[PDB]
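> Input: one structure, supplied below.
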Amino acid sequence: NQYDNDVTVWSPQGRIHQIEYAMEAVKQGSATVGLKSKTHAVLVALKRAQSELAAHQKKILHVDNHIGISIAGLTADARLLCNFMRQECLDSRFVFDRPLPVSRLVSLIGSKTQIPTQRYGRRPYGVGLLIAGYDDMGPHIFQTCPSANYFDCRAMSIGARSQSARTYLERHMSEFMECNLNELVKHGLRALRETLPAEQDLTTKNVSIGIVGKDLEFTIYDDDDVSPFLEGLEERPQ
Amino acid sequence: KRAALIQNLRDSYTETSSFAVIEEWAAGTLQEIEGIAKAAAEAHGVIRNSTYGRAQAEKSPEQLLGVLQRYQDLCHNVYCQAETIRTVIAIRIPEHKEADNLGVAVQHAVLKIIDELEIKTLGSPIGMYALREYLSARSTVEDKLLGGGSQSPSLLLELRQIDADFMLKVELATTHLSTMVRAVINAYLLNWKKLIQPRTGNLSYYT
Amino acid sequence: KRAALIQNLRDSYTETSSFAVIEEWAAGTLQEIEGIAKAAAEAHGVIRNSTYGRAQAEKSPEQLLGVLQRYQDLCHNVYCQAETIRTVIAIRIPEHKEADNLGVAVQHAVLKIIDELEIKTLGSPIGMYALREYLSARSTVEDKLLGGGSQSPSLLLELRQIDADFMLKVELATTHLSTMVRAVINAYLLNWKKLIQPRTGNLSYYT
Amino acid sequence: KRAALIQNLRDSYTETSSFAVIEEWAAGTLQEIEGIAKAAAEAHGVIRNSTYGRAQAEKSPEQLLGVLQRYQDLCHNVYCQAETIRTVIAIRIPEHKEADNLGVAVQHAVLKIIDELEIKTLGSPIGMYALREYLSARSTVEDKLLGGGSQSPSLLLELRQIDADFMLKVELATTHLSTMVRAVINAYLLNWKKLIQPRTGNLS
Amino acid sequence: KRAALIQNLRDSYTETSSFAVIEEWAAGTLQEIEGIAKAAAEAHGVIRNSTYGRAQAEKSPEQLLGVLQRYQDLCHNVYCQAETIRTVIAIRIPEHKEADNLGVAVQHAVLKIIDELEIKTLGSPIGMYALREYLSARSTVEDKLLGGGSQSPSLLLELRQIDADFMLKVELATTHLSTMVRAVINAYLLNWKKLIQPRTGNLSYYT
Amino acid sequence: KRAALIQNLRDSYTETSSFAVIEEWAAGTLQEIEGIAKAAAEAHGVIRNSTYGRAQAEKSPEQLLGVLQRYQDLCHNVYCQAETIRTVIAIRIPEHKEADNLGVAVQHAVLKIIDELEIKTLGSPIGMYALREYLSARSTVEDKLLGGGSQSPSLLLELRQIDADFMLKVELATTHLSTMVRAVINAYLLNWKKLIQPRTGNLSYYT
Amino acid sequence: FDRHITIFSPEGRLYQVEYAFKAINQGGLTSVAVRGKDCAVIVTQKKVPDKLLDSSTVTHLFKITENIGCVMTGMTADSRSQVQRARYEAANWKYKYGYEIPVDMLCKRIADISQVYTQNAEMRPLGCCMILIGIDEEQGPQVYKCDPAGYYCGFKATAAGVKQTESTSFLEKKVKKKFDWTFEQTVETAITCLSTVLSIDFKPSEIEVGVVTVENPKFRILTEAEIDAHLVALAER
Amino acid sequence: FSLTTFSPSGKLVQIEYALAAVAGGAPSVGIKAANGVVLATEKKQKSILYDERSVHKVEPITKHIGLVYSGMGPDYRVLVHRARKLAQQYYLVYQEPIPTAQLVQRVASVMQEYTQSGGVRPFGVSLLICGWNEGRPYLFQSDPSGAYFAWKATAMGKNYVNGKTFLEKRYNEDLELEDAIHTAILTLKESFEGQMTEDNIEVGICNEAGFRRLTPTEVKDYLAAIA
Amino acid sequence: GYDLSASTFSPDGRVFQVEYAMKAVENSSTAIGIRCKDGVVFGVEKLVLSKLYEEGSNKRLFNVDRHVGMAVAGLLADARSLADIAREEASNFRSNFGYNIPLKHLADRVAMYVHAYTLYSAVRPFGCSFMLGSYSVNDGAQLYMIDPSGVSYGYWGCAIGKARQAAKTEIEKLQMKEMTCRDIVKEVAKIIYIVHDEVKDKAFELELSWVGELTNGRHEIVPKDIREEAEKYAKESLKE
């Protein structure tokens, strides 16, 4: 009611409401899904256009040859954090001539985003990320939150209407491990489809896919490179 | 289901159902308001230029009851028309929030003008139920003048003053009502866009 | 224990119990209100085409008592199931805190609208006890018209005007009550998520 | 000693003395409210389906008097138990300060509910003394009907409608009081911890 | 001198004058209150279990006048004892300032409860002068039932209900006054140190 | 000249005139208050220890009229004495300003306390014109009992209670007026330095 | 209003600095210090609520230098900061000037530090009092106290905490008779004061006693086996 | 509330309220005789426990300049240090002891530094600065505003008005340093709420030989109405 | 009001922000730590909100040095930050003095960093309490807890979080000063299973760590064969 206009203020119940409100900005972006097998990690997004006669907003970003992100929230925070990640990875290749692990990148991201939660005169980062990568420990899927917290995940969906995708993924986790790439991408696409209305469906225009693995750098498939992955989806009735 | 109820309720009361009211008010209601004030001034000038006796207490004029009934019929229609606009705005109040309430303020601002009109300015100086207020007083004076017949002259003058003050009251109330209707017309025509769709969420700064 | 009492309360008055009332309001109550608004205007037009005398004092018009009893039953039935929604919302107002009261605000905001519907628009312009308000006045006039009798004709026309005015009262009160119900329907359908579970405990930034 | 006067008050009016009230309200008082509403609906449906004559003015119907006496007794008991809860809360309001007033807020919030139940709802539509009001409104019409009485046709119907509007009033008032009791129950059961020790916050 | 006047004011009415009042209220006044309440609840059942006739209008029962007089003599002493605490507090409100007004707020809050005891709970449901209004209400029935007389049964039953209601009111008012007294005792005992000396201390760093 | 007029005012009503009232209040007025109070108790006991008949309506005891006239005189004297202090304070409220109003608040507080003493206590429980009230309320029943005569027994006791409750009212109003006067004494004697010279300029940091 | 930020009020007062004297009483403990002809003693009570705490860590006595000792009263976290600053200042004094800091000077250095917090709105004041003791070359034993506002003074005896007025009454009643002050009389006086104002019949576990003497100027915190020796003598006479 | 803000009348309110903290401190007397200057003040303790030989309201700045104050001692200990540094800066540049007027100027500059920023309150002290330079005595009075006044005699603190009228009616030139101490103690005796002892006051004088704080023996000597 | 900044006092000398920061620790899951005769053992009640999170996410036991461990309860980002500070303190200590930092000293250095956030208007206090634990041949076993205010005390047994009362009421029953670490593991798991409520929140994971002779002054996660052998004892002792 009146412990809300600042992030340096606790409430009598032990809560900071500006952080809880920044977490509500992830629910305003379009839905993204992330999932991993034992060999590959996949991100599929659903892109959104402002005007019908324009291009769709880009949802997946390249960070290095072994890490990539999909974003839901404010665009500016995502563009700042991506440029942070890229330089933190270049700084690791310069010194050690090795790729930076993903745990050590998301730890840095959390350490970075923790400051606006505690010092006044700066806004909390109102962006959530799903981070797919591959290092010497296998594939990884990481969620990052405006609360400066981060999780290691088997799969996750964030954004508007993402509970449907989460419910889908929660009952197919037992298959993702021994799935090949086609089946894994198809599970991702079906979980994403569960976030749409019954009117709409997936299309070349509004679907982007990001894949990384042992013998595969982080590639992005946007418009016509997606149509191999769509062919195979059962035409669901309602 | 629920959205079915909301849309079946909103399509029954549309922006056209309020613009038609505004049109009729701008066109004919104001001329009727003028014609009632005209006739009230005529009857007032008639009552002034006359002297009263016992014969006036034995029957009421056909001239003033007509004016009062016409004012009553006016105010009934104005109330029933204002409530249409009231419904059109009230079935479009969006869900409660602590923010994004700049169109809700417009809604609650025009509903206050409609509240100042209908519940109060029509009496739902004088209101619709003025004919009974005239008849009760004139009966109180008549039963004292007729009976023992009271020989007080100020009573017989108070009869004549009751018959004139009510015409004066209607003449004033018609002017005030024309003012308020002309205010409501502007208030609707300058704000009808946020009275209908008060919230717009083309949110471009989110990915 | 205590939580058992809380749950025994909240299981007897649910969102279903209130959605039933909203559906019935949107289905049949509005048509009954409109029908009363029709019948009142019919009776008003009838009594306007009349000429009252001593004969109209020794007989009450049943046509009026019917409409007034119908309005009485309507107001009673609307009140008693508005209290249902009130209880539904009131047995869920969470514990008192100086924060996280964004749903408590919705609860109170809808209960204000329910107060408006309940306590003034049903007499708990004219409301539930309109029939006694009609017959008291009409008896007060009949007792003088009959006696020795009174010869003041303004009294005799006051009889006519009472019988017409109360039908106009019902005609306008129905018009207003329709709007007040159509507003509660929307206010419920847009907010029943926060009227029921106002606070949501899902705080992932703790351990 | 001064501090003994405190505990000799606070020990006679404990949380148990108010939780007993809450339990009895949840158990039996709600059913009694339901029963009075039932009886008022019965009598109101009976008197609507009738036709009064001048004989009716020479006797008061007991079906109405019993119902009004029953509602009177209910409202009296509710007032007493509400004041019990009020005393329990009010003997525990702590010393006056400018800060640490988050539990005193809850205290005054529930006292507002108790005041709302006591004053606006028990008459202490209609509350405790409906019966004497009924009797006055009926005595006027009876004396005006019985005297060479009155030849008014609407006066008889006014009597007939008094006799029914009062049952309507009792029904509505029961329906309304049930809601306030059910609200007080939730308030108490959710806030009784801060209604006893609102200011346990100390240093550590 | 002026300080002589201040000190002679404050020597006559000190803390012990108020602690005497509080200690007597905690012991005897409460017992008197429940005694009056039991007497009134005992008197209610007698009139309840009794059919009234005209013989009860030619005689006023002493057993109710006694209870009303007892309540009156109680309320008198409660008022006169509360004014002692008021006079002890109000002659120590220090000079006006824009700060250092914590104990001043304590004083005003403890007067904000004694006025509540004196006005809205003591009459200076019912209050001190119940005994005059009981008689002026019952006389209005006794002059009608005796005149000739009157032939309404509801008037007899209202005489009965008048005799009963004023015992009910005494019981309820005693139940309320006990709560108010118990609430004043706690407010005095938890704040008497700031009531007498509100402004305290003068620290060494101001020199 | 203008300052000459302000000087003629501020010389006629000085601090000595306001302190001469406080001395008299602290010395004689309070003892007169307590004397009227014991006299009211002395009278109330007589009525409580007495039976009334139809003969007591044929004459009013001068014992009550004496106490009522004493309270009348006391109220008049205190009203004039307090208006003197008001006039002393109100001819020194200085130039209106946004700020530098730390003594102006003192003046307004003491004027508010004096306004309380006047209106909330003197009537200008019971106030100045209690004698008119007593004589009217009694002259009603004395005519209702004589004519012919009314057989109402409760009326005969209501006469007795009219006689008694006014003495009780005096006994309480004196007890309250004592507290009010004792509060005004402290307020003045603590704050009198800024009631005369409320503003005090410090031009030390100017050149 | 005139109570939230460190501004002046119309009567020339600083209420946020007065409210920092009220934080001294939140810990709920009382400290006492007494001066003798050859000794100076500090005393406080040691209240563990749990048996799971290590009693060795629960202390309010501190060693600033080998020759200066302290007892801190008030909010516990503020006291550690003020104590570390006292230690830093005592060390830099000797680094700069070549001899050990007195108590007269360390006290006013802490006070000068505390006054800046009242004159600048950067930082809050510390809700802590501080009593120091030490033996001087010519002046003899010394007892010094400093406040959250930057006030400091020397004392013959003083206290800090909740029972401070009813301790300074005991102490000013005993000081006037001017008996032959000694080590044993000093410690007995302090313990009797803390026993009277609390009425607790102390154990050796419920108090901790630090002492400094002209014979041994080194501050030493006493053992439970040495407080018992002074406690038994009290019951005798 | 704020200090970088004028009122419409054109007044600085926080400065006026800082002077109210001076007007409530212990009294302090100042007299400028022909061959000296006296400074006297009330040094009274709240108990017999306070050791009065540990803190001083009369302090030296140099061999020939000295101070007293009314108000806040914490604020006083800052300005004492600043004045002692400024005197040494002057000596380091010019190798001459600082005059009594230049120190007052440079100290009022310090008091003015704390009147112009937000986040700082002014000082709650006024000063009285005695000196002996160029064969003439001096006495000044610095305020929290940054303003100074040269006086022949004055009084600050509690009852600073009657204590000044007493000097207006009981002070002249053609005095010397011993007739002025009696007058200063008599001016302090007006407000002394108790018996004046050698330890309840504190005295300092300046002359050709320089500034000196008197001892309790010398105070007890003249406390007998002697000289 | 008087409860919006940590630079503000109340008229009774209280700073309500620091208390509201403890209210956040009271609303977090429970961690305990017990000092044995030859080591220290940490146990945490680790809640799994979703089945989509891997086993190993939101680790609430941290290694701050090769002889010091850390368990936290409250806000977790704050805890990770304070762990990062406790690491650079011990790092700089070895860099400047050349040996492992003691725990009484590390506790003070972190307590002061935490206390510094209770004084200013531009920052809030930390929203996490935490325990530190170490073992050395000279310094022995040690267990300190640090609160948001900046207080630091030693312990033989301690708990932080929701079920603090319920857990210390079970820890006082233990005669921890007699026992070894492998026997106190059983007790740590038993207490965590006693205080956990399955209806108030969903399933949970047990997380344990050690430091003592049996690890040679090396803070370690407990092996699986022993954690399961203790979780079993926890189940079999719930027959009570």
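The residues of chain A that appear here are 4-241 by Swiss-Prot count, in order.
The way this entry was determined, per its header, is electron microscopy, 3.0 Å.
Yeah, the Cβs are placed from backbone N, Cα and C, and that goes for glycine too.
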> Looking at A:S33, A:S95, A:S150, A:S177, which is the one Swiss-Prot tags with phosphoserine?
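Cross-referencing A:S33, A:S95, A:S150, A:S177 with Swiss-Prot, phosphoserine lands on A:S177.
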> Judged by the number of other CB atoms within 10 angstroms, which among A:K115, A:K208 is the least packed of the recorded sites?
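Candidates: the recorded sites A:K115, A:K208. Fewest Cβ atoms within 10 Å: A:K208.
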> I'm trying to understand the geometry here, so how far is the Cα atom of A:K208 (ubiquitin cross-link) from the Cα atom of A:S110 (O-linked glycosylation site), in Å to the nearest whole number?
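Just about 34 Å between their Cα atoms.
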> Could you tell me which of these recorded positions, A:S110, A:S177, has the greatest number of Cβ atoms within 10 Å of its own Cβ?
A:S110
> Checking interface proximity: list the recorded positions among A:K115, A:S177, A:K208 whose CB sits under 8 Å from a chain I CB, in sequence order.
none
> Taking only the Cα atoms, work out how far A:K115 (ubiquitin cross-link) lies from A:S177 (phosphoserine), in Å, as a whole number.
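Cα-Cα distance, A:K115 (ubiquitin cross-link) to A:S177 (phosphoserine): 35 Å.
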> Please report the three-state DSSP label of A:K115 (ubiquitin cross-link).
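Looking at the DSSP assignment, A:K115 (ubiquitin cross-link) belongs to a helix.
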> Please report the DSSP secondary structure of A:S110 (O-linked glycosylation site), reduced to three states.
helix
> Check A:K208 (ubiquitin cross-link) against DSSP and tell me helix, strand or coil, would you?
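Coil, per DSSP.
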> Reduce the DSSP letter at A:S177 (phosphoserine) to three states and note it down.
helix
> Rounded to the nearest Å, what's the C-alpha distance separating A:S110 (O-linked glycosylation site) and A:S177 (phosphoserine)? Just drop the number here, would you?
28
